[PDB]
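Report on the structure given below.
Cβ: placed from backbone, ideal geometry, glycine included. Neighbour counts: every protein chain shown. The numbers here are math on the coordinates, done by the rules we state, and not lab data.
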Amino acid sequence: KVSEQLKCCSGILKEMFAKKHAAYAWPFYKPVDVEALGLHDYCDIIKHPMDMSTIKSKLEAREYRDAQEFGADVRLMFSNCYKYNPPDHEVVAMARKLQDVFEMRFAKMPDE
Ligand SMILES: COc1cc2c(cc1-c1c(C)noc1C)[nH]c1ccnc(-c3c(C4CC4)n[nH]c3C)c12
């Protein structure tokens, strides 16, 4: 059950990195570079940054013991985006689209 769940997690993350979703996924590929983007309030607002490359590294290191922990990091990544940015920002619209990709497939997680 757990190994199967973690293969589903790995599949979902590989899809989120696929070219077909890249026009909206790309801001989530790497950690937010606070200095490069001039976001001098980012760390005052976001206490736990997360991004897709960090999630990939944690899967590769077998840090997630089950799908719930993996899902919590994916949601943390999106929640940080919804917390920091104005609700009408282009990046929030991109987040909603990538989160729909994620939620619809994560809902199909094997359950036994
Ligand atoms: C505005 O939010 C981001 C922009 C970029 C990013 C992360 C975020 C981000 C996420 C996710 N959640 O919160 C924040 C903050 N990472 C990049 C790397 C390079 N350029 C860009 C870029 C963009 C992106 C289309 C939105 N607009 N203008 C530039 C300079 C970004």
Pick out which of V34, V74, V101 has the largest mean-square fluctuation in a Gaussian network model of the chain, springs linking Cα atoms closer than 10 Å. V34
For the range 2-93, which trypsin sites (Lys or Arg not before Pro) are both in a DSSP coil and crowded by at most 13 other Cβ atoms within 10 Å? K47, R62, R65
Please arrange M104, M109 by counting, for each residue, the other beta carbons lying within 10 Å of its beta carbon, fewest first. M104, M109
Once you've got the GNM for the chain with C-alpha springs shorter than 10 Å, pick whichever of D88, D66, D100 has the biggest mean-square fluctuation. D88
State the Cα centre-to-centre distance between the range 54-96 and the range 14-33 in whole Å. 11
Run the paramagnetic zone check for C8: 7 angstrom along Cα to Cβ, then residues of the range 44-76 with backbone nitrogen under 15 Å. 65-72
Among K20/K56; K1/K58; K83/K108, which pairs are too far apart, with a Cα-Cα distance over 24 Å? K83/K108
Which of the GluC sites (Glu not before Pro) across the range 58-92 are loop residues per DSSP, with 16 or fewer other Cβ within 10 Å? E63
One can check that the equivalent ellipsoid of the chain, built from the alpha-carbon gyration tensor with semi-axes equal to the square roots of five times its eigenvalues, has lengths in Å, largest first, of 25, 15, 12
Estimated FRET transfer efficiency when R0 is 22 angstrom, pair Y42-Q68 (beta carbons, to 0.05): 0.25
Can you give the helix-only mean residue ellipticity at 222 nm for the chain, where every DSSP H stretch with n ≥ 4 adds -39500 (n - 2.57) and the sum goes over all residues, rounded to the nearest 500 deg cm²/dmol? -18500 deg cm²/dmol
